[PDB]
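Q: Below you'll find start04.cif; it's mmCIF, N, CA and C atoms and all ligand atoms.
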data_entry
loop_
_atom_site.label_atom_id
_atom_site.label_comp_id
_atom_site.auth_asym_id
_atom_site.auth_seq_id
_atom_site.Cartn_x
_atom_site.Cartn_y
_atom_site.Cartn_z
N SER A 368 75.76 109.55 112.04
CA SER A 368 75.18 110.37 110.98
C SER A 368 75.98 111.68 110.78
N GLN A 369 75.59 112.51 109.78
CA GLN A 369 76.21 113.83 109.62
C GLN A 369 75.97 114.69 110.88
N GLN A 370 74.80 114.52 111.54
CA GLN A 370 74.47 115.26 112.78
C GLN A 370 75.49 114.96 113.89
N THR A 371 75.95 113.70 113.97
CA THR A 371 76.94 113.30 114.96
C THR A 371 78.26 114.08 114.71
N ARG A 372 78.69 114.21 113.43
CA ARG A 372 79.92 114.94 113.07
C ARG A 372 79.80 116.43 113.45
N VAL A 373 78.64 117.03 113.21
CA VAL A 373 78.40 118.43 113.57
C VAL A 373 78.53 118.65 115.10
N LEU A 374 77.94 117.75 115.90
CA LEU A 374 78.02 117.85 117.35
C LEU A 374 79.44 117.63 117.85
N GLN A 375 80.18 116.70 117.22
CA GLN A 375 81.57 116.44 117.61
C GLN A 375 82.42 117.70 117.42
N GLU A 376 82.17 118.44 116.33
CA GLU A 376 82.89 119.66 116.00
C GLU A 376 82.57 120.78 116.98
N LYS A 377 81.28 120.91 117.41
CA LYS A 377 80.90 121.94 118.37
C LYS A 377 81.59 121.68 119.70
N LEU A 378 81.60 120.42 120.14
CA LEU A 378 82.23 120.02 121.40
C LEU A 378 83.72 120.32 121.37
N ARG A 379 84.39 119.95 120.25
CA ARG A 379 85.81 120.18 120.09
C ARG A 379 86.15 121.68 120.17
N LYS A 380 85.40 122.51 119.45
CA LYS A 380 85.64 123.95 119.45
C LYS A 380 85.47 124.60 120.83
N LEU A 381 84.46 124.15 121.58
CA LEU A 381 84.19 124.69 122.92
C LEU A 381 85.32 124.32 123.87
N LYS A 382 85.78 123.05 123.80
CA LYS A 382 86.87 122.58 124.64
C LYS A 382 88.18 123.28 124.28
N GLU A 383 88.45 123.53 122.99
CA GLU A 383 89.67 124.24 122.57
C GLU A 383 89.67 125.70 123.07
N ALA A 384 88.48 126.34 123.16
CA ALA A 384 88.39 127.71 123.68
C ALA A 384 88.75 127.79 125.21
N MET A 385 88.84 126.64 125.89
CA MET A 385 89.15 126.59 127.31
C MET A 385 90.67 126.50 127.60
N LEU A 386 91.51 126.37 126.57
CA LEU A 386 92.95 126.22 126.73
C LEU A 386 93.67 127.56 126.60
N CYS A 387 94.83 127.62 127.27
CA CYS A 387 95.73 128.76 127.33
C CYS A 387 96.04 129.29 125.92
N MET A 388 95.91 130.62 125.68
CA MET A 388 96.19 131.20 124.35
C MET A 388 97.67 131.23 124.00
N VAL A 389 98.57 131.01 125.00
CA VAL A 389 100.00 131.05 124.76
C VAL A 389 100.56 129.64 124.48
N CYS A 390 100.36 128.67 125.39
CA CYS A 390 100.91 127.31 125.19
C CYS A 390 99.94 126.36 124.47
N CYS A 391 98.63 126.67 124.46
CA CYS A 391 97.64 125.82 123.78
C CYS A 391 97.56 124.40 124.38
N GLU A 392 98.14 124.17 125.58
CA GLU A 392 98.20 122.82 126.13
C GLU A 392 97.54 122.67 127.47
N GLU A 393 97.54 123.72 128.27
CA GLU A 393 96.98 123.65 129.62
C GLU A 393 95.70 124.48 129.71
N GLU A 394 94.80 124.10 130.61
CA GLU A 394 93.54 124.82 130.78
C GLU A 394 93.78 126.24 131.33
N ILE A 395 92.93 127.19 130.92
CA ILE A 395 92.97 128.55 131.47
C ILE A 395 92.54 128.46 132.94
N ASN A 396 93.33 129.03 133.85
CA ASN A 396 92.96 129.03 135.28
C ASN A 396 93.48 130.31 135.97
N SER A 397 93.77 131.38 135.20
CA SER A 397 94.36 132.58 135.77
C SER A 397 93.76 133.83 135.10
N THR A 398 93.57 134.90 135.89
CA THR A 398 93.04 136.19 135.41
C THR A 398 94.06 137.30 135.58
N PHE A 399 94.28 138.12 134.55
CA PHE A 399 95.12 139.31 134.69
C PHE A 399 94.26 140.38 135.37
N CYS A 400 94.76 140.97 136.48
CA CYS A 400 94.03 142.03 137.21
C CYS A 400 94.76 143.37 137.09
N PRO A 401 94.03 144.49 136.90
CA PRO A 401 92.56 144.60 136.98
C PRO A 401 91.76 144.42 135.69
N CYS A 402 92.43 144.25 134.50
CA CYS A 402 91.62 144.21 133.24
C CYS A 402 90.60 143.08 133.18
N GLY A 403 90.91 141.92 133.76
CA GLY A 403 89.96 140.81 133.77
C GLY A 403 90.10 139.77 132.69
N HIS A 404 91.05 139.96 131.73
CA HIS A 404 91.22 138.94 130.67
C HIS A 404 91.70 137.64 131.31
N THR A 405 90.98 136.56 131.04
CA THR A 405 91.21 135.25 131.64
C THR A 405 91.48 134.32 130.47
N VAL A 406 92.75 134.29 130.00
CA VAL A 406 93.13 133.61 128.77
C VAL A 406 94.37 132.70 128.88
N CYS A 407 94.99 132.62 130.07
CA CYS A 407 96.24 131.88 130.27
C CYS A 407 96.18 130.85 131.39
N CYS A 408 97.09 129.84 131.30
CA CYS A 408 97.34 128.91 132.39
C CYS A 408 98.28 129.69 133.40
N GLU A 409 98.50 129.15 134.60
CA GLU A 409 99.29 129.81 135.64
C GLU A 409 100.76 130.06 135.22
N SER A 410 101.37 129.08 134.55
CA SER A 410 102.75 129.21 134.11
C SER A 410 102.92 130.34 133.09
N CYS A 411 102.09 130.38 132.03
CA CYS A 411 102.22 131.43 131.01
C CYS A 411 101.86 132.83 131.57
N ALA A 412 100.88 132.89 132.50
CA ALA A 412 100.48 134.20 133.08
C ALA A 412 101.55 134.78 134.00
N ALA A 413 102.38 133.93 134.60
CA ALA A 413 103.35 134.34 135.62
C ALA A 413 104.38 135.41 135.20
N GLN A 414 104.83 135.44 133.96
CA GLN A 414 105.88 136.41 133.60
C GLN A 414 105.44 137.53 132.70
N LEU A 415 104.14 137.58 132.35
CA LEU A 415 103.68 138.66 131.50
C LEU A 415 103.51 139.95 132.30
N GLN A 416 104.10 141.07 131.80
CA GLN A 416 104.00 142.39 132.45
C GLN A 416 102.73 143.14 132.02
N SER A 417 102.29 142.88 130.80
CA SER A 417 101.12 143.52 130.20
C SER A 417 100.18 142.45 129.68
N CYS A 418 98.88 142.74 129.65
CA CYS A 418 97.90 141.79 129.12
C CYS A 418 98.16 141.50 127.64
N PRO A 419 98.20 140.20 127.22
CA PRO A 419 98.41 139.87 125.79
C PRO A 419 97.19 140.17 124.90
N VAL A 420 96.04 140.53 125.51
CA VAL A 420 94.82 140.85 124.75
C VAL A 420 94.66 142.38 124.63
N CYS A 421 94.73 143.12 125.76
CA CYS A 421 94.43 144.57 125.74
C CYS A 421 95.60 145.48 126.07
N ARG A 422 96.81 144.89 126.36
CA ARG A 422 98.01 145.68 126.68
C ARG A 422 97.97 146.42 128.01
N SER A 423 96.91 146.23 128.84
CA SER A 423 96.91 146.92 130.14
C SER A 423 97.99 146.33 131.05
N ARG A 424 98.56 147.15 131.94
CA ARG A 424 99.55 146.65 132.91
C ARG A 424 98.90 145.55 133.79
N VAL A 425 99.66 144.47 134.09
CA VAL A 425 99.17 143.42 134.95
C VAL A 425 99.64 143.79 136.37
N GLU A 426 98.71 144.17 137.26
CA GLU A 426 99.09 144.50 138.65
C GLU A 426 99.32 143.22 139.42
N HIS A 427 98.48 142.17 139.16
CA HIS A 427 98.65 140.85 139.77
C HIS A 427 97.80 139.82 139.02
N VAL A 428 98.04 138.54 139.29
CA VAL A 428 97.30 137.43 138.69
C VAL A 428 96.43 136.79 139.78
N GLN A 429 95.15 136.60 139.49
CA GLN A 429 94.18 135.97 140.41
C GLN A 429 93.92 134.55 139.89
N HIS A 430 94.09 133.52 140.75
CA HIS A 430 93.79 132.15 140.32
C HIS A 430 92.25 132.00 140.25
N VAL A 431 91.74 131.28 139.24
CA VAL A 431 90.30 131.04 139.13
C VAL A 431 89.98 129.55 139.15
N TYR A 432 88.98 129.19 139.95
CA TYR A 432 88.46 127.81 140.04
C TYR A 432 87.13 127.82 139.28
N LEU A 433 87.13 127.21 138.10
CA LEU A 433 85.96 127.20 137.21
C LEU A 433 85.26 125.83 137.28
N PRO A 434 83.92 125.78 137.20
CA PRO A 434 83.23 124.46 137.21
C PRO A 434 83.59 123.57 136.01
N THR A 435 84.06 124.16 134.89
CA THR A 435 84.44 123.40 133.69
C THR A 435 85.80 122.71 133.84
N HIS A 436 86.61 123.05 134.87
CA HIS A 436 87.95 122.46 135.03
C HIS A 436 87.92 120.91 135.03
N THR A 437 88.78 120.25 134.21
CA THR A 437 88.85 118.78 134.10
C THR A 437 90.29 118.24 134.02
N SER A 438 91.33 119.12 134.01
CA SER A 438 92.71 118.63 133.93
C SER A 438 93.20 118.11 135.29
N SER B 368 71.79 108.61 115.33
CA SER B 368 72.17 107.35 115.99
C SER B 368 72.16 107.56 117.53
N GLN B 369 72.45 106.49 118.30
CA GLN B 369 72.61 106.62 119.74
C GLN B 369 73.79 107.57 120.06
N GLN B 370 74.87 107.59 119.22
CA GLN B 370 76.01 108.48 119.48
C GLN B 370 75.61 109.95 119.36
N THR B 371 74.63 110.27 118.50
CA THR B 371 74.13 111.65 118.38
C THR B 371 73.54 112.07 119.75
N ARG B 372 72.73 111.19 120.39
CA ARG B 372 72.13 111.49 121.70
C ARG B 372 73.21 111.63 122.78
N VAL B 373 74.25 110.77 122.75
CA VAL B 373 75.33 110.87 123.72
C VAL B 373 76.08 112.22 123.59
N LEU B 374 76.39 112.64 122.35
CA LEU B 374 77.07 113.91 122.11
C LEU B 374 76.19 115.09 122.50
N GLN B 375 74.86 114.99 122.28
CA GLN B 375 73.96 116.08 122.67
C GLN B 375 74.01 116.28 124.18
N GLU B 376 74.08 115.17 124.93
CA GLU B 376 74.15 115.20 126.38
C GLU B 376 75.46 115.77 126.90
N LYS B 377 76.59 115.44 126.24
CA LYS B 377 77.88 115.99 126.64
C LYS B 377 77.91 117.49 126.42
N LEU B 378 77.36 117.95 125.29
CA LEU B 378 77.32 119.38 124.95
C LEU B 378 76.44 120.13 125.94
N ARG B 379 75.28 119.55 126.28
CA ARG B 379 74.38 120.16 127.25
C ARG B 379 75.06 120.30 128.62
N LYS B 380 75.76 119.26 129.08
CA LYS B 380 76.44 119.31 130.38
C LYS B 380 77.55 120.35 130.42
N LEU B 381 78.29 120.50 129.31
CA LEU B 381 79.38 121.48 129.25
C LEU B 381 78.80 122.91 129.27
N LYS B 382 77.71 123.13 128.53
CA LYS B 382 77.05 124.43 128.48
C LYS B 382 76.45 124.78 129.83
N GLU B 383 75.86 123.80 130.54
CA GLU B 383 75.29 124.03 131.87
C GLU B 383 76.37 124.39 132.88
N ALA B 384 77.57 123.78 132.78
CA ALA B 384 78.70 124.10 133.65
C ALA B 384 79.21 125.55 133.45
N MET B 385 78.84 126.19 132.32
CA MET B 385 79.23 127.57 132.04
C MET B 385 78.16 128.60 132.55
N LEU B 386 77.04 128.11 133.09
CA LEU B 386 75.95 128.94 133.58
C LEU B 386 76.04 129.17 135.10
N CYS B 387 75.60 130.35 135.56
CA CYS B 387 75.62 130.76 136.97
C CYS B 387 75.02 129.66 137.87
N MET B 388 75.71 129.26 138.94
CA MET B 388 75.20 128.19 139.82
C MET B 388 74.01 128.63 140.70
N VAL B 389 73.74 129.95 140.78
CA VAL B 389 72.67 130.48 141.60
C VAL B 389 71.39 130.68 140.78
N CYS B 390 71.44 131.48 139.69
CA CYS B 390 70.25 131.75 138.88
C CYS B 390 70.05 130.73 137.76
N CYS B 391 71.12 130.00 137.34
CA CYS B 391 70.97 129.01 136.26
C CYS B 391 70.53 129.61 134.93
N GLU B 392 70.60 130.94 134.77
CA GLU B 392 70.08 131.57 133.56
C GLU B 392 71.12 132.37 132.80
N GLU B 393 72.12 132.92 133.47
CA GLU B 393 73.11 133.78 132.80
C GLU B 393 74.50 133.16 132.86
N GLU B 394 75.38 133.53 131.89
CA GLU B 394 76.74 132.97 131.87
C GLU B 394 77.59 133.43 133.05
N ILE B 395 78.47 132.54 133.55
CA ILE B 395 79.43 132.91 134.58
C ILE B 395 80.40 133.96 133.98
N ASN B 396 80.62 135.06 134.69
CA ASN B 396 81.53 136.13 134.26
C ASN B 396 82.10 136.85 135.47
N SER B 397 82.07 136.24 136.67
CA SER B 397 82.52 136.95 137.87
C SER B 397 83.29 136.01 138.78
N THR B 398 84.34 136.55 139.42
CA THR B 398 85.13 135.80 140.38
C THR B 398 85.02 136.41 141.77
N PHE B 399 84.78 135.58 142.78
CA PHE B 399 84.81 136.04 144.17
C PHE B 399 86.28 136.11 144.59
N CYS B 400 86.72 137.29 145.09
CA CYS B 400 88.11 137.48 145.53
C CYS B 400 88.12 137.67 147.05
N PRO B 401 89.10 137.06 147.74
CA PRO B 401 90.29 136.39 147.19
C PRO B 401 90.24 134.88 146.92
N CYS B 402 89.14 134.18 147.29
CA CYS B 402 89.11 132.71 147.15
C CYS B 402 89.28 132.22 145.71
N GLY B 403 88.78 132.97 144.70
CA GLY B 403 88.94 132.57 143.31
C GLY B 403 87.82 131.75 142.70
N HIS B 404 86.77 131.40 143.51
CA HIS B 404 85.66 130.62 142.93
C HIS B 404 84.95 131.50 141.89
N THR B 405 84.81 130.96 140.69
CA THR B 405 84.25 131.68 139.54
C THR B 405 83.03 130.89 139.07
N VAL B 406 81.88 131.13 139.74
CA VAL B 406 80.69 130.30 139.59
C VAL B 406 79.38 131.06 139.38
N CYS B 407 79.44 132.42 139.35
CA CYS B 407 78.26 133.27 139.25
C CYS B 407 78.30 134.28 138.10
N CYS B 408 77.10 134.74 137.72
CA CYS B 408 76.93 135.90 136.83
C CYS B 408 77.11 137.14 137.73
N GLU B 409 77.20 138.31 137.12
CA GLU B 409 77.47 139.54 137.88
C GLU B 409 76.32 139.94 138.83
N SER B 410 75.06 139.61 138.47
CA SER B 410 73.92 140.02 139.29
C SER B 410 73.87 139.15 140.59
N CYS B 411 74.08 137.83 140.46
CA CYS B 411 74.08 136.98 141.66
C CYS B 411 75.32 137.26 142.50
N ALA B 412 76.50 137.50 141.84
CA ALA B 412 77.73 137.72 142.63
C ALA B 412 77.65 139.03 143.46
N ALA B 413 76.94 140.04 142.94
CA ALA B 413 76.80 141.33 143.65
C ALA B 413 76.00 141.20 144.97
N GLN B 414 75.18 140.15 145.08
CA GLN B 414 74.27 139.96 146.20
C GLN B 414 74.78 139.00 147.27
N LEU B 415 76.01 138.49 147.15
CA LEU B 415 76.51 137.49 148.10
C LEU B 415 77.69 138.05 148.89
N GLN B 416 77.56 138.02 150.23
CA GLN B 416 78.63 138.49 151.11
C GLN B 416 79.64 137.38 151.38
N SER B 417 79.23 136.11 151.16
CA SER B 417 80.06 134.93 151.37
C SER B 417 80.07 134.09 150.10
N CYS B 418 81.21 133.44 149.79
CA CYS B 418 81.29 132.55 148.60
C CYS B 418 80.28 131.38 148.76
N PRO B 419 79.46 131.09 147.74
CA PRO B 419 78.51 129.96 147.86
C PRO B 419 79.18 128.57 147.72
N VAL B 420 80.48 128.53 147.35
CA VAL B 420 81.19 127.24 147.28
C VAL B 420 81.96 126.96 148.60
N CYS B 421 82.78 127.94 149.07
CA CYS B 421 83.68 127.72 150.21
C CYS B 421 83.34 128.52 151.46
N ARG B 422 82.33 129.43 151.37
CA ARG B 422 81.85 130.30 152.45
C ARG B 422 82.89 131.32 152.94
N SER B 423 83.99 131.54 152.16
CA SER B 423 84.94 132.60 152.56
C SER B 423 84.24 133.97 152.31
N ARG B 424 84.64 134.98 153.08
CA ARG B 424 84.13 136.33 152.88
C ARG B 424 84.52 136.85 151.49
N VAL B 425 83.60 137.54 150.82
CA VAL B 425 83.89 138.14 149.52
C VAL B 425 84.42 139.56 149.80
N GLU B 426 85.69 139.80 149.54
CA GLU B 426 86.28 141.13 149.73
C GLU B 426 85.87 142.02 148.51
N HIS B 427 85.91 141.44 147.29
CA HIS B 427 85.40 142.11 146.10
C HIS B 427 85.15 141.10 144.94
N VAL B 428 84.42 141.56 143.89
CA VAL B 428 84.13 140.72 142.74
C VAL B 428 84.97 141.25 141.55
N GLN B 429 85.67 140.34 140.86
CA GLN B 429 86.47 140.70 139.66
C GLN B 429 85.72 140.21 138.43
N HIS B 430 85.45 141.08 137.44
CA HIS B 430 84.78 140.63 136.22
C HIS B 430 85.82 139.80 135.41
N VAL B 431 85.40 138.70 134.77
CA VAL B 431 86.32 137.94 133.91
C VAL B 431 85.87 137.93 132.47
N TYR B 432 86.82 138.18 131.53
CA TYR B 432 86.53 138.11 130.10
C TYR B 432 87.13 136.79 129.62
N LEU B 433 86.27 135.81 129.36
CA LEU B 433 86.68 134.48 128.96
C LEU B 433 86.52 134.29 127.44
N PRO B 434 87.45 133.56 126.77
CA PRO B 434 87.30 133.33 125.32
C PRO B 434 86.02 132.54 124.97
N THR B 435 85.49 131.72 125.91
CA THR B 435 84.27 130.92 125.68
C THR B 435 83.00 131.77 125.68
N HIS B 436 83.03 133.02 126.19
CA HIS B 436 81.82 133.85 126.31
C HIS B 436 81.01 133.98 125.00
ZN ZN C 1 99.98 128.24 129.05
ZN ZN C 2 93.44 142.64 129.35
ZN ZN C 3 73.18 134.44 138.33
ZN ZN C 4 85.15 130.49 147.41
#
Could you rewrite the structure in this file as structure tokens?

A:
Amino acid sequence: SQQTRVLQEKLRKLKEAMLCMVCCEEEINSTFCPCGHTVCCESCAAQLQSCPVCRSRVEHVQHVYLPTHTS
Amino acid sequence: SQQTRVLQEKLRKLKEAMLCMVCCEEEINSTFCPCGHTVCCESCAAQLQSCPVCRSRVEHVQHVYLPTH
């Protein structure tokens, strides 16, 4: 039904919000510290000097284990 | 259809996986450091001296800003 299409779209959008903002291919699993923005996979987060969201200096990257992880 | 019920269940399970594993009421927004388990809201994470997943000592809690919030 049309209701099925609406639910498919909500699911797709939620799952797309879980992917890296830089490569769009791998799941987000890394946090820039101390700002806390958690928007990148480990590879893309590794060479950034400043946060791509708020421009704060990245002192270090903290790996995150999220219950939503499926890759 | 039956597919509408199947999609409703998938959406419910994904939304539940984004909720605090302790209180089941608020969104996950906190990481236990240094282990990295990110399974609690800020109120439950403030009250735990040990990680509820791996039992490692919590040295500090890091707030996380997730695009899904
Ligand atoms: Zn990436
Ligand atoms: Zn930031
Ligand atoms: Zn909680
Ligand atoms: Zn842990």

Q: What residues in chain A get the DSSP label strand (DSSP E or B)? Please answer as a VMD selection string.

A: chain A and resid 386 394 397 to 400 404 407 417 424 427 to 430 432

Q: Provide as a compact mmCIF listing (two decimals) with N, CA and C atoms, keeping the file's coordinate frame the residues of chain A at most 7 Å from chain B, counting all atoms listed in the file.

A:
# COMPACT_ATOMS: atom_id res chain seq x y z
N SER A 368 75.76 109.55 112.04
CA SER A 368 75.18 110.37 110.98
C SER A 368 75.98 111.68 110.78
N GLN A 370 74.80 114.52 111.54
CA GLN A 370 74.47 115.26 112.78
C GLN A 370 75.49 114.96 113.89
N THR A 371 75.95 113.70 113.97
CA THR A 371 76.94 113.30 114.96
C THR A 371 78.26 114.08 114.71
N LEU A 374 77.94 117.75 115.90
CA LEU A 374 78.02 117.85 117.35
C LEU A 374 79.44 117.63 117.85
N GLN A 375 80.18 116.70 117.22
CA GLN A 375 81.57 116.44 117.61
C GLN A 375 82.42 117.70 117.42
N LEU A 378 81.60 120.42 120.14
CA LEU A 378 82.23 120.02 121.40
C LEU A 378 83.72 120.32 121.37
N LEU A 381 84.46 124.15 121.58
CA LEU A 381 84.19 124.69 122.92
C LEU A 381 85.32 124.32 123.87
N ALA A 384 88.48 126.34 123.16
CA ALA A 384 88.39 127.71 123.68
C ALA A 384 88.75 127.79 125.21
N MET A 385 88.84 126.64 125.89
CA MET A 385 89.15 126.59 127.31
C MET A 385 90.67 126.50 127.60
N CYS A 402 92.43 144.25 134.50
CA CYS A 402 91.62 144.21 133.24
C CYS A 402 90.60 143.08 133.18
N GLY A 403 90.91 141.92 133.76
CA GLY A 403 89.96 140.81 133.77
C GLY A 403 90.10 139.77 132.69
N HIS A 404 91.05 139.96 131.73
CA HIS A 404 91.22 138.94 130.67
C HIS A 404 91.70 137.64 131.31
N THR A 405 90.98 136.56 131.04
CA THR A 405 91.21 135.25 131.64
C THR A 405 91.48 134.32 130.47
N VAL A 406 92.75 134.29 130.00
CA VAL A 406 93.13 133.61 128.77
C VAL A 406 94.37 132.70 128.88
N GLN A 429 95.15 136.60 139.49
CA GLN A 429 94.18 135.97 140.41
C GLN A 429 93.92 134.55 139.89
N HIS A 430 94.09 133.52 140.75
CA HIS A 430 93.79 132.15 140.32
C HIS A 430 92.25 132.00 140.25
N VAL A 431 91.74 131.28 139.24
CA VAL A 431 90.30 131.04 139.13
C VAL A 431 89.98 129.55 139.15
N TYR A 432 88.98 129.19 139.95
CA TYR A 432 88.46 127.81 140.04
C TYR A 432 87.13 127.82 139.28
N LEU A 433 87.13 127.21 138.10
CA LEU A 433 85.96 127.20 137.21
C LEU A 433 85.26 125.83 137.28
N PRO A 434 83.92 125.78 137.20
CA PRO A 434 83.23 124.46 137.21
C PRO A 434 83.59 123.57 136.01
N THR A 435 84.06 124.16 134.89
CA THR A 435 84.44 123.40 133.69
C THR A 435 85.80 122.71 133.84

Q: Could you give me, as number ranges by chain, every polymer residue with an atom at most 5 Å away from an atom of ligand ZN 1 (chain C), counting only N, CA and C atoms and all ligand atoms?

A: A: 387, 389-390, 408, 411

Q: Taking only C-alpha atoms and all ligand atoms into account, which residues have an atom no farther than 9 Å from ligand ZN 3 (chain C)? I'd like them as a ChimeraX atom specification.

A: /B:386-395,406-412

Q: Can I get the residues close to ligand ZN 2 (chain C) as a ChimeraX atom specification, where close means within 7 Å and we count only C-alpha atoms and all ligand atoms?

A: /A:399,402-404,418-423

Q: DSSP on the backbone: what in chain A comes out alpha helix (DSSP H), as a VMD selection string?

A: chain A and resid 369 to 383 409 to 412

Q: Put those residues in a file: N, CA and C atoms, as a PDB file, in the frame of the given file.

A:
ATOM      1  N   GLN A 369      75.590 112.510 109.780  1.00  0.00           N
ATOM      2  CA  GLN A 369      76.210 113.830 109.620  1.00  0.00           C
ATOM      3  C   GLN A 369      75.970 114.690 110.880  1.00  0.00           C
ATOM      4  N   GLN A 370      74.800 114.520 111.540  1.00  0.00           N
ATOM      5  CA  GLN A 370      74.470 115.260 112.780  1.00  0.00           C
ATOM      6  C   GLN A 370      75.490 114.960 113.890  1.00  0.00           C
ATOM      7  N   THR A 371      75.950 113.700 113.970  1.00  0.00           N
ATOM      8  CA  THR A 371      76.940 113.300 114.960  1.00  0.00           C
ATOM      9  C   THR A 371      78.260 114.080 114.710  1.00  0.00           C
ATOM     10  N   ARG A 372      78.690 114.210 113.430  1.00  0.00           N
ATOM     11  CA  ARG A 372      79.920 114.940 113.070  1.00  0.00           C
ATOM     12  C   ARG A 372      79.800 116.430 113.450  1.00  0.00           C
ATOM     13  N   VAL A 373      78.640 117.030 113.210  1.00  0.00           N
ATOM     14  CA  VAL A 373      78.400 118.430 113.570  1.00  0.00           C
ATOM     15  C   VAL A 373      78.530 118.650 115.100  1.00  0.00           C
ATOM     16  N   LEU A 374      77.940 117.750 115.900  1.00  0.00           N
ATOM     17  CA  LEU A 374      78.020 117.850 117.350  1.00  0.00           C
ATOM     18  C   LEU A 374      79.440 117.630 117.850  1.00  0.00           C
ATOM     19  N   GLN A 375      80.180 116.700 117.220  1.00  0.00           N
ATOM     20  CA  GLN A 375      81.570 116.440 117.610  1.00  0.00           C
ATOM     21  C   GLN A 375      82.420 117.700 117.420  1.00  0.00           C
ATOM     22  N   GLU A 376      82.170 118.440 116.330  1.00  0.00           N
ATOM     23  CA  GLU A 376      82.890 119.660 116.000  1.00  0.00           C
ATOM     24  C   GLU A 376      82.570 120.780 116.980  1.00  0.00           C
ATOM     25  N   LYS A 377      81.280 120.910 117.410  1.00  0.00           N
ATOM     26  CA  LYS A 377      80.900 121.940 118.370  1.00  0.00           C
ATOM     27  C   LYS A 377      81.590 121.680 119.700  1.00  0.00           C
ATOM     28  N   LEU A 378      81.600 120.420 120.140  1.00  0.00           N
ATOM     29  CA  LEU A 378      82.230 120.020 121.400  1.00  0.00           C
ATOM     30  C   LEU A 378      83.720 120.320 121.370  1.00  0.00           C
ATOM     31  N   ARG A 379      84.390 119.950 120.250  1.00  0.00           N
ATOM     32  CA  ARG A 379      85.810 120.180 120.090  1.00  0.00           C
ATOM     33  C   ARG A 379      86.150 121.680 120.170  1.00  0.00           C
ATOM     34  N   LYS A 380      85.400 122.510 119.450  1.00  0.00           N
ATOM     35  CA  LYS A 380      85.640 123.950 119.450  1.00  0.00           C
ATOM     36  C   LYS A 380      85.470 124.600 120.830  1.00  0.00           C
ATOM     37  N   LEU A 381      84.460 124.150 121.580  1.00  0.00           N
ATOM     38  CA  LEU A 381      84.190 124.690 122.920  1.00  0.00           C
ATOM     39  C   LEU A 381      85.320 124.320 123.870  1.00  0.00           C
ATOM     40  N   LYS A 382      85.780 123.050 123.800  1.00  0.00           N
ATOM     41  CA  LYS A 382      86.870 122.580 124.640  1.00  0.00           C
ATOM     42  C   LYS A 382      88.180 123.280 124.280  1.00  0.00           C
ATOM     43  N   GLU A 383      88.450 123.530 122.990  1.00  0.00           N
ATOM     44  CA  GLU A 383      89.670 124.240 122.570  1.00  0.00           C
ATOM     45  C   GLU A 383      89.670 125.700 123.070  1.00  0.00           C
ATOM     46  N   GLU A 409      98.500 129.150 134.600  1.00  0.00           N
ATOM     47  CA  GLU A 409      99.290 129.810 135.640  1.00  0.00           C
ATOM     48  C   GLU A 409     100.760 130.060 135.220  1.00  0.00           C
ATOM     49  N   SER A 410     101.370 129.080 134.550  1.00  0.00           N
ATOM     50  CA  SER A 410     102.750 129.210 134.110  1.00  0.00           C
ATOM     51  C   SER A 410     102.920 130.340 133.090  1.00  0.00           C
ATOM     52  N   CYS A 411     102.090 130.380 132.030  1.00  0.00           N
ATOM     53  CA  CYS A 411     102.220 131.430 131.010  1.00  0.00           C
ATOM     54  C   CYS A 411     101.860 132.830 131.570  1.00  0.00           C
ATOM     55  N   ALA A 412     100.880 132.890 132.500  1.00  0.00           N
ATOM     56  CA  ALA A 412     100.480 134.200 133.080  1.00  0.00           C
ATOM     57  C   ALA A 412     101.550 134.780 134.000  1.00  0.00           C
TER      58      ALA A 412
END

Q: Anything within 6 Å of (94.6, 127.6, 132.1): list those residues as a VMD selection string, counting all atoms listed in the file and sticking to the file's coordinates.

A: chain A and resid 386 to 387 393 to 397 407 to 409

Q: One decimal, in Å: what's the spacing between atom C of residue 424 in chain B and CA of residue 426 in chain A?

A: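 According to the coordinates, atom C of residue 424 in chain B and CA of residue 426 in chain A are separated by 20.9 Å.
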
Q: Calculate how many Å separate CA of residue 423 in chain B from atom N of residue 425 in chain A, rounding to one decimal.

A: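 These two atoms are separated by 26.4 Å.
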
Q: Grab the atom C of residue 414 in chain A to atom N of residue 400 in chain A distance for me, in Å with one decimal place.

A: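 The value is 11.8 Å.
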